[PDB]
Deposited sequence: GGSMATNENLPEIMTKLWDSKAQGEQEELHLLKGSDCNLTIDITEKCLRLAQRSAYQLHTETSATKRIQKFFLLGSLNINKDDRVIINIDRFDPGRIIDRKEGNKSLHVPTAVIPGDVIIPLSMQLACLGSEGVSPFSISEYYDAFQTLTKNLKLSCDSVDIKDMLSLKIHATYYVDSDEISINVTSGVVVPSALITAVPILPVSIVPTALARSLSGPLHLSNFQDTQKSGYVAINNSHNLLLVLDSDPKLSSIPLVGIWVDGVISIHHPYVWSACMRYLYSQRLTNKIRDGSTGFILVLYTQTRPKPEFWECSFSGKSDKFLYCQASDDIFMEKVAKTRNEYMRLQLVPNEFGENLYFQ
């Protein structure tokens, strides 16, 4: 009886890769691959404690550009630090962390056990994170590189694998619900929420009082651990199809830092959506009922051939990943 759940429009199915036709695009610059191979080759030769498979990091950025199409732009190599754990040199906010394994070819593939362990790590972060909603937390990307050096060229086989939670969020438009006019609620409905900038998303959580009115809460409020929560609010997107909205829903469903979620995926929870294109927020009832630990995954690979002498160009390599429940890349060129 907290709100009316009668559907006021078509159901929508939300997922990270919905807008991109289930396609994940990876762009990798030749320069960072050249630095990765250069660093790897020195260790394997002029150094003796080199493990046969070197462990490095590539650093990328997550961009969303045409109808919510997600692209990872990988352009930085990072050997990483040892602390006993292997971590990047300096983690920048907005960095996609891609573990890079490479080995000199002599005399490679992703297995489901490797995908499974990556997804366990992914969901453990979703359950335990205390940070703001981040789309980068919704995918785990890895690269295997096999390289060879001869007198003529450097050759590299680059294989990339990803795991993404498969959960679909069912979203139903509902009638508007009264919001207590706190300062946060007033600033979200105010004139400043009308902009046109990319990656200006923010989100929080929705509490409820004795009068069954909604209270908006910042994502950093320490009371979130036990305040009774009924859903989320999202600001700075054009529509509900933005993958950030699904990311906030997933984060709310998975988080074990929120111990008093009296409305969740089984009962349906509320989304107060402040879009950038409308003066008033949209109200949705979101639900999830499928398998919680199911994931999509697949791999893609391509060869690159590099001259010994580097050319000051911006050459890059594009990989297309359309993962599914069965591990098949459903991309056809």
Margin query: Could you spell out the stretches of the deposited sequence that were left without C-alpha coordinates, going in sequence order?
Written below: 1 to 15, 99 to 105, 130 to 134
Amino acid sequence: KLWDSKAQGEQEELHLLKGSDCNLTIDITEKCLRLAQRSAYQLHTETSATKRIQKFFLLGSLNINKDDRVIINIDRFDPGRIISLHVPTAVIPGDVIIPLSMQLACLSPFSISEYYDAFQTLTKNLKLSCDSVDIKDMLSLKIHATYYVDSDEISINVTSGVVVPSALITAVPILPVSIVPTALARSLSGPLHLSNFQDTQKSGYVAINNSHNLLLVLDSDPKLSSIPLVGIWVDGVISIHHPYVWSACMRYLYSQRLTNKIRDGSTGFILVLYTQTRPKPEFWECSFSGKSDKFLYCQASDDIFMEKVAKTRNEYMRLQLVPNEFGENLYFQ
From here on, numbers count along this sequence of modelled residues.
Note to self: If you average the CA temperature factors as listed in the entry, which stretch comes out higher, 70 to 78 or 198 to 206?
What the structure shows: 198 to 206
Next item on the list: Can you let me know which of the two, 303 to 311 or 45 to 53, has the higher average C-alpha B-factor in the entry?
Entry: 45 to 53
Item checked: Deposited CA B-factor, highest of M250, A90, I240, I174 -> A90
Next item on the list: Compare the CA B factors listed in the entry for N157, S187, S226, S211 and report the winner.
Entry: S211
Checklist line | Chain third (lowest, middle, highest) by recorded CA B-factor, residue given as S84 | finding: highest
Next item on the list: Please place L319 in the lowest, middle or highest third of its chain by C-alpha B factor as given in the entry.
Entry: lowest
Next item on the list: Would you mind ranking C106 by its C-alpha B-factor against the rest of the chain and naming the third, lowest, middle or highest?
Entry: highest
Item checked: Third of chain Cα B-factors occupied by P222 -> middle
Next item on the list: Sort the modelled residues of this chain by their C-alpha B factor and say whether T259 lands in the lowest, middle or highest third.
Entry: lowest
